[PDB]
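**Q** sequence, then structure. It's an experimental one.
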Amino acid sequence: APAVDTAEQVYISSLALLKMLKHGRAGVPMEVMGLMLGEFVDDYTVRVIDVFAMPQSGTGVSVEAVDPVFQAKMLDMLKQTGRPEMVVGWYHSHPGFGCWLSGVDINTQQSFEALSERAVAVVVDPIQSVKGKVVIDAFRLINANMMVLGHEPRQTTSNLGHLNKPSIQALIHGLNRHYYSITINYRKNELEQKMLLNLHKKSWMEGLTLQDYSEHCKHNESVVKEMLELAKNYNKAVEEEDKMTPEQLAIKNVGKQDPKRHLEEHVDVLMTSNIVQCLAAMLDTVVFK
Amino acid sequence: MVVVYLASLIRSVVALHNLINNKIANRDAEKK
Amino acid sequence: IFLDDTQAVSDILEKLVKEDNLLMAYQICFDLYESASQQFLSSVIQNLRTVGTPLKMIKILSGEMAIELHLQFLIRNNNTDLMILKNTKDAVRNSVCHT
């Protein structure tokens, strides 16, 4: 008798995530929105193949902005391209607080829920993401009807479970009025990883590319000058280091942290550039000749 | 290297001492 | 159980039955049940009937008899409580907790 109607953990592909990060980033401080297109298969996997933004909101994520007309217009085009996909849900950005929906935004969310139950709402914070998986949650709408049914525990079931974190006021308020939180996990294929990496032609070529001989000599001499400074501290540190922990001994008989370490880093950078250039130089001269 | 060795020498005294303490405890028991 | 040759097993029981050491034949079958794969124990049953090894071996290898044997330890020294079932209705929401 009962149905499913649960929020499944959302599989976001590599291109779709980048499109959401880019949409938001240009889009903020203004609240903006756009749609998510994908295919849902099984009762566990929704894959977000692609997204595009369906005209960006003004003040609030307004109920005016949700447009069946634009949604319809875009959808028939896709059919002609020979990629017919369905709206899996929709995403929006809030810079207000991490993982929070606005008051206007919950009403807007309801239009998508009526269309498909598997409509999801993704909050993107470009302000507070410097890993870009961080401060993104998938959410689901809480109506009066949803709370009476007990749809909210029903969502945690069928996946790994996920609650938000950013800000104290936004977590209590959001949880009660605005949403229930559910999980996003990521699948990106090996081809997606290969394109992600940015193989680049000059990037590898530099490794062989020979730097000036005078420049190595000059550098060798400069590097020695840093060690000289460290060398006064280093002569004093070495006299007594007859107990345990080198760092304590070194600070105690003068020389902040490790005078040995500083000295070593200084040679390593010079040695690294000189060593590779010599390896490269001998090789190129013989090969080209 | 030299620093870890000076410490290593100090560790040696405790580590030797443990094998002898056991000896002394075994003997106090057998002698009563 | 390591060899996993059904023909080897049938031969040990046959010799112990012919000697009229039925008990001995019997022990190997209960010992075998615990460790072995079920597929492997099934093949033995077909082979034993045919040699004319007694019917007794067949029941234990089936794995129907073994459940009942466990029951006396569990049933005698059985802990139960109603209280957890009730805790989940009253305290917390039911779906995640309920399973």
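**A** That came through fine. Numbers count the residues shown, from 1 in each chain, chains lettered A, B, ... in the order given.
**Q** and whichever residue of chain C sits closest to chain A, what does it touch?
**A** Closest to chain A within chain C is residue C:95: 3.7 Å, counting by CB to the nearest CB. C-beta coordinates here come from the backbone N, C-alpha and C atoms, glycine included. With contact taken as CB atoms under 8 Å, 6 or more residues apart in numbering or on different chains, residue C:95 is in contact with A:150, A:153-154, A:156-157.
**Q** so the residue in chain B positioned nearest to chain C: helix, strand or coil?
**A** Going by CB to the nearest CB, chain C is nearest to residue B:29 of chain B, at 42.4 Å. Residue B:29 carries the three-state label helix when classified by DSSP: H, G, I helix; E, B strand; the rest coil.
**Q** residue A:148: neighbour count?
**A** Residue A:148: 8 surrounding residues under other CB atoms under 10 Å in any protein chain shown.
**Q** which of the residues in stretch A:46-64 are buried?
**A** Neighbour counts over stretch A:46-64 (16 or more other CB atoms under 10 Å in any protein chain shown) mark A:46, A:48-51, A:53-54, A:56-57, A:60-62 as buried.
**Q** ok, how many other residues are close to residue 32?
**A** Answering for chain A, as no chain was given. Residues within reach of residue A:32, counting by other CB under 10 Å, total 23.
**Q** that's the wrong chain, I meant chain C
**A** Every residue meeting other CB under 10 Å relative to residue C:32 is counted, giving 19.
**Q** and the one 3 residues further on, by the same measure?
**A** Residues lying near residue C:35 (other CB under 10 Å) number 9.
**Q** which residues does the residue nearest the centre of chain B contact?
**A** Nearest to the mean C-alpha position of chain B, by CA atoms, centre = their mean, lies residue B:17 at 1.7 Å. Listed by CB under 8 Å, 6+ apart, residue B:17 has no contact partners.
**Q** ok, which residues in chain C are in contact with chain A?
**A** Residues of chain C lying close to chain A by CB under 8 Å from any CB of the partner chain are C:93-97, C:99.
**Q** let me know the closest of the buried residues of stretch A:46-64 to residue C:23.
**A** Distance to residue C:23, by CB to CB, is smallest for residue A:46 among the buried residues of stretch A:46-64, at 62.6 Å.
**Q** list the contacts of stretch A:38-57.
**A** Here stretch A:38-57 has contacts from A:4, A:6, A:8-13, A:15-16, A:19-20, A:23, A:27, A:30-37, A:64-65, A:67, A:70-71, A:74, A:85-86, A:88-89, A:91-92, A:118, A:120, A:158-159, A:187, using CB under 8 Å, 6+ apart.
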